[PDB]
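J.: Provided herewith: structure.pdb, PDB, C-alpha atoms and all ligand atoms.
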MODEL        1
ATOM      1  CA  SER K   7    -202.185  78.086  -0.928  1.00  0.00           C
ATOM      2  CA  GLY K   8    -199.080  78.835  -3.043  1.00  0.00           C
ATOM      3  CA  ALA K   9    -195.438  77.996  -3.530  1.00  0.00           C
ATOM      4  CA  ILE K  10    -192.108  79.416  -4.736  1.00  0.00           C
ATOM      5  CA  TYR K  11    -190.625  77.518  -7.699  1.00  0.00           C
ATOM      6  CA  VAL K  12    -186.859  78.211  -7.897  1.00  0.00           C
ATOM      7  CA  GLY K  13    -184.491  75.849  -9.773  1.00  0.00           C
ATOM      8  CA  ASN K  14    -185.552  72.273  -8.950  1.00  0.00           C
ATOM      9  CA  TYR K  15    -187.094  73.294  -5.630  1.00  0.00           C
ATOM     10  CA  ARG K  16    -190.682  73.916  -4.468  1.00  0.00           C
ATOM     11  CA  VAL K  17    -190.938  76.058  -1.289  1.00  0.00           C
ATOM     12  CA  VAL K  18    -194.256  75.741   0.596  1.00  0.00           C
ATOM     13  CA  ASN K  19    -195.684  76.391   4.037  1.00  0.00           C
ATOM     14  CA  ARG K  20    -194.752  73.289   6.092  1.00  0.00           C
ATOM     15  CA  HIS K  21    -198.334  73.096   7.371  1.00  0.00           C
ATOM     16  CA  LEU K  22    -199.695  72.896   3.761  1.00  0.00           C
ATOM     17  CA  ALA K  23    -197.133  70.332   2.453  1.00  0.00           C
ATOM     18  CA  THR K  24    -198.604  67.396   0.513  1.00  0.00           C
ATOM     19  CA  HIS K  25    -197.659  63.680   0.705  1.00  0.00           C
ATOM     20  CA  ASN K  26    -195.671  64.160  -2.546  1.00  0.00           C
ATOM     21  CA  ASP K  27    -193.743  67.008  -0.853  1.00  0.00           C
ATOM     22  CA  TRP K  28    -192.876  64.782   2.171  1.00  0.00           C
ATOM     23  CA  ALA K  29    -191.918  61.892  -0.176  1.00  0.00           C
ATOM     24  CA  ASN K  30    -189.483  64.215  -2.123  1.00  0.00           C
ATOM     25  CA  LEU K  31    -188.248  66.212   0.871  1.00  0.00           C
ATOM     26  CA  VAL K  32    -185.134  68.409   0.718  1.00  0.00           C
ATOM     27  CA  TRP K  33    -185.464  70.389   4.009  1.00  0.00           C
ATOM     28  CA  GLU K  34    -188.103  71.354   6.569  1.00  0.00           C
ATOM     29  CA  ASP K  35    -188.211  73.543   9.685  1.00  0.00           C
ATOM     30  CA  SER K  36    -191.310  73.687  11.893  1.00  0.00           C
ATOM     31  CA  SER K  37    -190.081  76.801  13.780  1.00  0.00           C
ATOM     32  CA  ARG K  38    -190.089  78.701  10.421  1.00  0.00           C
ATOM     33  CA  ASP K  39    -193.217  77.058   8.900  1.00  0.00           C
ATOM     34  CA  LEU K  40    -191.194  76.115   5.808  1.00  0.00           C
ATOM     35  CA  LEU K  41    -190.705  72.946   3.749  1.00  0.00           C
ATOM     36  CA  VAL K  42    -188.793  72.453   0.489  1.00  0.00           C
ATOM     37  CA  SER K  43    -189.318  69.524  -1.887  1.00  0.00           C
ATOM     38  CA  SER K  44    -187.620  68.567  -5.169  1.00  0.00           C
ATOM     39  CA  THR K  45    -189.243  69.073  -8.597  1.00  0.00           C
ATOM     40  CA  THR K  46    -188.797  67.420 -11.995  1.00  0.00           C
ATOM     41  CA  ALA K  47    -189.319  70.724 -13.919  1.00  0.00           C
ATOM     42  CA  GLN K  48    -187.246  73.922 -13.394  1.00  0.00           C
ATOM     43  CA  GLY K  49    -189.030  76.915 -11.916  1.00  0.00           C
ATOM     44  CA  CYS K  50    -189.043  80.608 -12.879  1.00  0.00           C
ATOM     45  CA  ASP K  51    -188.962  82.445  -9.552  1.00  0.00           C
ATOM     46  CA  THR K  52    -185.699  84.149  -8.483  1.00  0.00           C
ATOM     47  CA  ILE K  53    -184.894  84.683  -4.774  1.00  0.00           C
ATOM     48  CA  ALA K  54    -184.082  88.212  -3.498  1.00  0.00           C
ATOM     49  CA  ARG K  55    -180.681  88.596  -1.769  1.00  0.00           C
ATOM     50  CA  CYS K  56    -181.131  91.917   0.139  1.00  0.00           C
ATOM     51  CA  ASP K  57    -182.421  93.706   3.323  1.00  0.00           C
ATOM     52  CA  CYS K  58    -185.505  95.414   1.695  1.00  0.00           C
ATOM     53  CA  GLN K  59    -188.328  96.291   4.069  1.00  0.00           C
ATOM     54  CA  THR K  60    -190.788  97.354   1.339  1.00  0.00           C
ATOM     55  CA  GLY K  61    -192.356  95.093  -1.253  1.00  0.00           C
ATOM     56  CA  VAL K  62    -195.621  93.680  -2.574  1.00  0.00           C
ATOM     57  CA  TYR K  63    -197.561  90.574  -1.539  1.00  0.00           C
ATOM     58  CA  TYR K  64    -200.374  88.494  -3.071  1.00  0.00           C
ATOM     59  CA  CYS K  65    -203.588  88.181  -1.032  1.00  0.00           C
ATOM     60  CA  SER K  66    -205.797  85.381  -2.414  1.00  0.00           C
ATOM     61  CA  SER K  67    -208.792  86.390  -0.274  1.00  0.00           C
ATOM     62  CA  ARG K  68    -208.852  89.736  -2.136  1.00  0.00           C
ATOM     63  CA  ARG K  69    -207.425  88.654  -5.560  1.00  0.00           C
ATOM     64  CA  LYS K  70    -205.014  91.570  -5.098  1.00  0.00           C
ATOM     65  CA  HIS K  71    -201.367  92.426  -4.746  1.00  0.00           C
ATOM     66  CA  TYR K  72    -200.732  95.004  -1.992  1.00  0.00           C
ATOM     67  CA  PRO K  73    -197.665  97.171  -1.409  1.00  0.00           C
ATOM     68  CA  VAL K  74    -196.403  96.831   2.186  1.00  0.00           C
ATOM     69  CA  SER K  75    -193.701  97.893   4.618  1.00  0.00           C
ATOM     70  CA  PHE K  76    -192.510  94.882   6.671  1.00  0.00           C
ATOM     71  CA  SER K  77    -190.298  94.249   9.677  1.00  0.00           C
ATOM     72  CA  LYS K  78    -186.906  92.503   9.575  1.00  0.00           C
ATOM     73  CA  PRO K  79    -186.982  88.688  10.104  1.00  0.00           C
ATOM     74  CA  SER K  80    -187.426  88.038  13.815  1.00  0.00           C
ATOM     75  CA  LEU K  81    -188.654  85.636  16.527  1.00  0.00           C
ATOM     76  CA  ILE K  82    -192.285  86.603  16.894  1.00  0.00           C
ATOM     77  CA  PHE K  83    -195.027  84.989  19.135  1.00  0.00           C
ATOM     78  CA  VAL K  84    -197.880  83.188  17.041  1.00  0.00           C
ATOM     79  CA  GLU K  85    -201.144  82.402  18.780  1.00  0.00           C
ATOM     80  CA  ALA K  86    -202.326  78.879  18.730  1.00  0.00           C
ATOM     81  CA  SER K  87    -203.908  77.334  15.933  1.00  0.00           C
ATOM     82  CA  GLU K  88    -205.083  74.215  14.470  1.00  0.00           C
ATOM     83  CA  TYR K  89    -201.461  74.070  13.063  1.00  0.00           C
ATOM     84  CA  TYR K  90    -199.312  75.467  15.712  1.00  0.00           C
ATOM     85  CA  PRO K  91    -199.216  75.473  19.624  1.00  0.00           C
ATOM     86  CA  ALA K  92    -198.385  78.827  21.196  1.00  0.00           C
ATOM     87  CA  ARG K  93    -195.067  79.543  20.152  1.00  0.00           C
ATOM     88  CA  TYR K  94    -192.313  81.546  18.705  1.00  0.00           C
ATOM     89  CA  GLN K  95    -191.975  81.457  14.899  1.00  0.00           C
ATOM     90  CA  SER K  96    -188.552  82.328  13.770  1.00  0.00           C
ATOM     91  CA  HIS K  97    -187.455  84.278  10.655  1.00  0.00           C
ATOM     92  CA  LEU K  98    -190.941  85.923  10.504  1.00  0.00           C
ATOM     93  CA  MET K  99    -191.636  89.458   9.148  1.00  0.00           C
ATOM     94  CA  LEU K 100    -194.825  91.394   9.958  1.00  0.00           C
ATOM     95  CA  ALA K 101    -196.792  93.971   7.959  1.00  0.00           C
ATOM     96  CA  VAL K 102    -200.202  95.630   8.139  1.00  0.00           C
ATOM     97  CA  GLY K 103    -202.517  93.843   5.683  1.00  0.00           C
ATOM     98  CA  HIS K 104    -205.234  91.936   5.176  1.00  0.00           C
ATOM     99  CA  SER K 105    -204.988  88.122   5.847  1.00  0.00           C
ATOM    100  CA  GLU K 106    -207.482  85.652   6.745  1.00  0.00           C
ATOM    101  CA  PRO K 107    -207.486  81.872   6.571  1.00  0.00           C
ATOM    102  CA  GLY K 108    -206.896  80.528   3.158  1.00  0.00           C
ATOM    103  CA  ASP K 109    -203.969  83.047   2.456  1.00  0.00           C
ATOM    104  CA  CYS K 110    -200.721  81.397   3.301  1.00  0.00           C
ATOM    105  CA  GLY K 111    -198.276  80.759   0.363  1.00  0.00           C
ATOM    106  CA  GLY K 112    -198.889  84.015  -1.325  1.00  0.00           C
ATOM    107  CA  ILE K 113    -195.558  85.538  -2.429  1.00  0.00           C
ATOM    108  CA  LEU K 114    -193.981  88.669  -0.954  1.00  0.00           C
ATOM    109  CA  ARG K 115    -191.489  90.210  -3.468  1.00  0.00           C
ATOM    110  CA  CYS K 116    -189.253  93.273  -3.712  1.00  0.00           C
ATOM    111  CA  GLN K 117    -187.239  94.836  -6.524  1.00  0.00           C
ATOM    112  CA  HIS K 118    -184.630  91.977  -6.236  1.00  0.00           C
ATOM    113  CA  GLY K 119    -187.011  88.986  -6.395  1.00  0.00           C
ATOM    114  CA  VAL K 120    -189.003  86.712  -4.020  1.00  0.00           C
ATOM    115  CA  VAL K 121    -188.595  87.597  -0.325  1.00  0.00           C
ATOM    116  CA  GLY K 122    -190.887  85.033   1.340  1.00  0.00           C
ATOM    117  CA  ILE K 123    -194.427  83.623   1.594  1.00  0.00           C
ATOM    118  CA  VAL K 124    -197.443  84.566   3.704  1.00  0.00           C
ATOM    119  CA  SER K 125    -197.282  82.429   6.929  1.00  0.00           C
ATOM    120  CA  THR K 126    -199.282  84.416   9.711  1.00  0.00           C
ATOM    121  CA  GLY K 127    -201.580  87.466  10.217  1.00  0.00           C
ATOM    122  CA  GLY K 128    -205.042  88.422  11.579  1.00  0.00           C
ATOM    123  CA  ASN K 129    -205.928  91.584  12.891  1.00  0.00           C
ATOM    124  CA  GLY K 130    -205.003  93.661   9.887  1.00  0.00           C
ATOM    125  CA  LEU K 131    -201.745  91.819  10.262  1.00  0.00           C
ATOM    126  CA  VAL K 132    -199.865  89.576   7.813  1.00  0.00           C
ATOM    127  CA  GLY K 133    -196.600  87.865   8.642  1.00  0.00           C
ATOM    128  CA  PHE K 134    -194.053  86.533   6.020  1.00  0.00           C
ATOM    129  CA  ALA K 135    -191.752  83.472   6.349  1.00  0.00           C
ATOM    130  CA  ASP K 136    -188.455  84.875   5.005  1.00  0.00           C
ATOM    131  CA  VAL K 137    -186.410  82.839   2.511  1.00  0.00           C
ATOM    132  CA  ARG K 138    -183.609  85.343   1.697  1.00  0.00           C
ATOM    133  CA  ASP K 139    -181.081  83.621   4.005  1.00  0.00           C
ATOM    134  CA  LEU K 140    -181.550  80.201   2.263  1.00  0.00           C
ATOM    135  CA  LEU K 141    -178.650  80.639  -0.142  1.00  0.00           C
ATOM    136  CA  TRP K 142    -178.658  76.990  -1.187  1.00  0.00           C
ATOM    137  CA  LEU K 143    -181.987  77.556  -3.050  1.00  0.00           C
ATOM    138  CA  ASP K 144    -179.819  79.170  -5.822  1.00  0.00           C
ATOM    139  CA  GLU K 145    -177.693  76.046  -6.519  1.00  0.00           C
ATOM    140  CA  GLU K 146    -177.571  72.217  -7.094  1.00  0.00           C
TER     141      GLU K 146
HETATM  142  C1  LIG C 201    -206.592  85.422  10.143  1.00  0.00           C
HETATM  143  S1  LIG C 201    -205.797  84.042   9.544  1.00  0.00           S
HETATM  144  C2  LIG C 201    -204.073  84.569   9.417  1.00  0.00           C
HETATM  145  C3  LIG C 201    -203.483  83.347   8.696  1.00  0.00           C
HETATM  146  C4  LIG C 201    -203.366  81.968   9.405  1.00  0.00           C
HETATM  147  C5  LIG C 201    -202.485  81.945  10.636  1.00  0.00           C
HETATM  148  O1  LIG C 201    -202.059  83.002  11.035  1.00  0.00           O
HETATM  149  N1  LIG C 201    -202.102  80.750  11.141  1.00  0.00           N
HETATM  150  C6  LIG C 201    -202.762  79.486  10.841  1.00  0.00           C
HETATM  151  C7  LIG C 201    -201.786  78.556  10.141  1.00  0.00           C
HETATM  152  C8  LIG C 201    -200.438  78.529  10.827  1.00  0.00           C
HETATM  153  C9  LIG C 201    -199.830  79.922  11.045  1.00  0.00           C
HETATM  154  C10 LIG C 201    -198.412  79.852  11.589  1.00  0.00           C
HETATM  155  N2  LIG C 201    -197.476  80.199  10.716  1.00  0.00           N
HETATM  156  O2  LIG C 201    -198.178  79.561  12.760  1.00  0.00           O
HETATM  157  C11 LIG C 201    -200.872  80.610  11.907  1.00  0.00           C
HETATM  158  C12 LIG C 201    -202.328  83.960   7.965  1.00  0.00           C
HETATM  159  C13 LIG C 201    -203.482  83.344   7.198  1.00  0.00           C
HETATM  160 ZN    ZN C 202    -184.901  93.577  -2.106  1.00  0.00          ZN
ENDMDL
END
Would you write the structure of this file as structure tokens?
Ligand SMILES: CSCC1(CC(=O)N2CCC[C@H](C(N)=O)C2)CC1
Ligand SMILES: [Zn+2]
T.:
Amino acid sequence: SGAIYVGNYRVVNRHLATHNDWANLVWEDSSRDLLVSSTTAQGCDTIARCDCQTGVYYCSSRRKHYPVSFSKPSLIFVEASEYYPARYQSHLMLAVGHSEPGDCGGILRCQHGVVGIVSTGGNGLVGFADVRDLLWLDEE
């Protein structure tokens, strides 16, 4: 579990969104595994606006933050789950790291701020839904 809290927005994995998230919906995209809802309180996270490929992510199944090298956001095949049918998840970045079930929502960050949230993995893989192109998170 986990979310990004920027301005009056809460960014979560679409597959983990609550009824309150759906009832206060700003934007959602199933191909990216992302959903954004509105919040009453202002958040403290800042979004990175960059092309970094190195950063650090939080792994809840290890209680640890790990430094990683990650790929650029791409259209990458994600094996079926209980959440998604084989498909192609867009704006996804991959790294070598531990992930197991339980871990989505953990933040990936670089020197500029929040880059994205854990969305996929397995294998000694971990994939990150990017948020750096969502410029509207910084306003309104
Ligand atoms: C070994 S479990 C790896 C995970 C879970 C995992 O990959 N999926 C299950 C939930 C939906 C994910 C999606 N973004 O399509 C796929 C990352 C924590
Ligand atoms: Zn950066």
J.: All residues within 7 Å of ligand ZN 202 (chain C) are required, counting all atoms listed in the file; please report them as a list in words.
T.: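 So, counting all atoms listed in the file, the residues near ligand ZN 202 (chain C) are residues 54, 55, 56, 57, 58, 116, 117, 118 and 119 of chain K.
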J.: Can you write just those residues out, C-alpha atoms, as a PDB file, in the frame of the given file?
T.:
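Generated file (out-v4.pdb):
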ATOM      1  CA  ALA K  54    -184.082  88.212  -3.498  1.00  0.00           C
ATOM      2  CA  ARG K  55    -180.681  88.596  -1.769  1.00  0.00           C
ATOM      3  CA  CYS K  56    -181.131  91.917   0.139  1.00  0.00           C
ATOM      4  CA  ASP K  57    -182.421  93.706   3.323  1.00  0.00           C
ATOM      5  CA  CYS K  58    -185.505  95.414   1.695  1.00  0.00           C
ATOM      6  CA  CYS K 116    -189.253  93.273  -3.712  1.00  0.00           C
ATOM      7  CA  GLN K 117    -187.239  94.836  -6.524  1.00  0.00           C
ATOM      8  CA  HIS K 118    -184.630  91.977  -6.236  1.00  0.00           C
ATOM      9  CA  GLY K 119    -187.011  88.986  -6.395  1.00  0.00           C
TER      10      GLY K 119
END
J.: So that all listed atoms of ligand LIG 201 (chain C) fit with 5 Å spare on each side, what axis-aligned box centre and edge lengths in Å, to one decimal, would you give as JSON?
T.:
{"center_x": -202.0, "center_y": 82.0, "center_z": 10.0, "size_x": 19.1, "size_y": 16.9, "size_z": 15.6}
J.: What lies within 10 Å of residue 110 of chain K using only C-alpha atoms, ignoring chain neighbours under 4 positions off, as an MDAnalysis selection string?
T.: chainID K and resid 7:9 18:19 21:22 64:66 105:106 123:127 132:135
J.: Between K:49, K:74, K:36, K:24, which is the closest to residue 11 of chain K once you count all atoms listed in the file?
T.: K:49
J.: Which residues would end up in the selection if the PyMOL selection byres (((chain K and resi 102) around 7) and not hetatm) were applied here, given that I need the answer as a list in words?
T.: residues 101, 103, 104, 130, 131 and 132 of chain K
J.: Tell me which residues the PyMOL selection byres (((chain K and resi 89) around 10) and not hetatm) grabs here, as a CSV table (one decimal) with C-alpha atoms, in the frame of the given file.
T.:
chain,number,residue,atom,x,y,z
K,20,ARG,CA,-194.8,73.3,6.1
K,21,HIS,CA,-198.3,73.1,7.4
K,22,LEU,CA,-199.7,72.9,3.8
K,39,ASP,CA,-193.2,77.1,8.9
K,86,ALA,CA,-202.3,78.9,18.7
K,87,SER,CA,-203.9,77.3,15.9
K,88,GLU,CA,-205.1,74.2,14.5
K,90,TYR,CA,-199.3,75.5,15.7
K,91,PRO,CA,-199.2,75.5,19.6
K,92,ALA,CA,-198.4,78.8,21.2
J.: For atom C5 of ligand LIG 201 (chain C) and atom CA of residue 141 of chain K, quote the distance in Å rounded to one decimal.
T.: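 So the answer is 26.2 Å.
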J.: I would like the residues chosen by the PyMOL selection byres (((chain K and resi 94) around 7) and not hetatm) on the shown file; could you give them as a list in words?
T.: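 Here the PyMOL selection byres (((chain K and resi 94) around 7) and not hetatm) matches residues 81, 82, 83, 84, 93, 95 and 96 of chain K.
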J.: For residue 28 of chain K, work out the shell of residues within 9 Å, counting all atoms listed in the file and skipping chain neighbours fewer than 4 positions away, then give it as a VMD selection string.
T.: chain K and resid 23 to 24 32 41 to 43
J.: Please report the interatomic distance between atom CA of residue 112 of chain K and atom CA of residue 85 of chain K in Å with one decimal.
T.: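 Separation between atom CA of residue 112 of chain K and atom CA of residue 85 of chain K: 20.3 Å.
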J.: Could you check which of K:99, K:12, K:121, K:62 is closest to residue 144 of chain K, using all atoms listed in the file?
T.: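 Under the stated criterion, the closest residue is K:12.
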J.: Please compute the atom CA of residue 30 of chain K-atom CA of residue 136 of chain K distance, one decimal, in Å.
T.: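 Interatomic distance, atom CA of residue 30 of chain K to atom CA of residue 136 of chain K: 21.9 Å.
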J.: When you count all atoms listed in the file, which of these residues is closest to ligand LIG 201 (chain C): K:78, K:25, K:38, K:68?
T.: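 Of the candidates, the smallest distance to ligand LIG 201 (chain C) is held by K:38.
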J.: Ranking K:15, K:61, K:37, K:142 by minimum distance to ligand LIG 201 (chain C) and counting only C-alpha atoms and all ligand atoms, which one comes first?
T.: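 Smallest separation from ligand LIG 201 (chain C) among the options: K:37.
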J.: Here is a test: counting only C-alpha atoms and all ligand atoms, which residue of K:129, K:47, K:26, K:115 is nearest to ligand LIG 201 (chain C)?
T.: K:129
J.: Considering only C-alpha atoms and all ligand atoms, can you say which of K:79, K:70, K:107, K:48 comes closest to ligand LIG 201 (chain C)?
T.: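 Smallest separation from ligand LIG 201 (chain C) among the options: K:107.
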